[PDB]
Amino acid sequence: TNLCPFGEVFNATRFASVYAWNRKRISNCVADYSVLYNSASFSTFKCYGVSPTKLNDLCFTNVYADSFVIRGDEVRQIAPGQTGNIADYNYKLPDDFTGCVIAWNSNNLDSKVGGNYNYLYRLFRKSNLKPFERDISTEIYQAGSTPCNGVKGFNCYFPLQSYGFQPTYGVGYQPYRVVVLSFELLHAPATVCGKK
């Protein structure tokens, strides 16, 4: 009796930095996923545990829609079993992930001529993220024994790095918007369903 509000995730004016990735919960609604898997707008559309051409045949207890910006060369880390700067320190999918990863080039929206320094990723971290963990700390990173006391310096590094997206960069260094759909089929009743 409700349409799922997927547009406010996919079509939003601005996307989050991956270190601060957004999450919207989708529940008690219906969606025609045909508009999704019949779109040519997508450079990545990989599903795990479900077949993309079958999402209209399944119901789920809960759907989460996570979204962020990375560069093209990093979209391969948004998958189960992957390591790297994004999967280790920014956005991590579990090994038993059931859902879809959707990505598209956003150079025209997220690049700027002087460089867009508003999109950031975490470069320093003492340990890897657990699945679906979000780390928004901007504490100076202590890379030695001496504490940093909020001051950058030797062995004292700002932990985030700006992508500096520029429209003239190569494709793998251009911004890509990503939406991760997590389908949860638990013991609760079936709320998020598909239709024609």
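Heads up: residue numbers just count along the shown sequence, starting at 1.
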property	result
19-27 versus 182-190 - greater average Cα B-factor per the deposited record	182-190
108-116 set against 121-129, stretch whose average Cα temperature factor tops the other in the entry	108-116
Options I70, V171, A65, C59 - largest CA temperature factor per the record	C59
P167, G144, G153, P159, ranked by C-alpha B-factor: the highest one	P167
Third assignment of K46 from its chain's C-alpha B-factors	middle
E139 by Cα B-factor - lowest, middle or highest third of the modelled chain	lowest
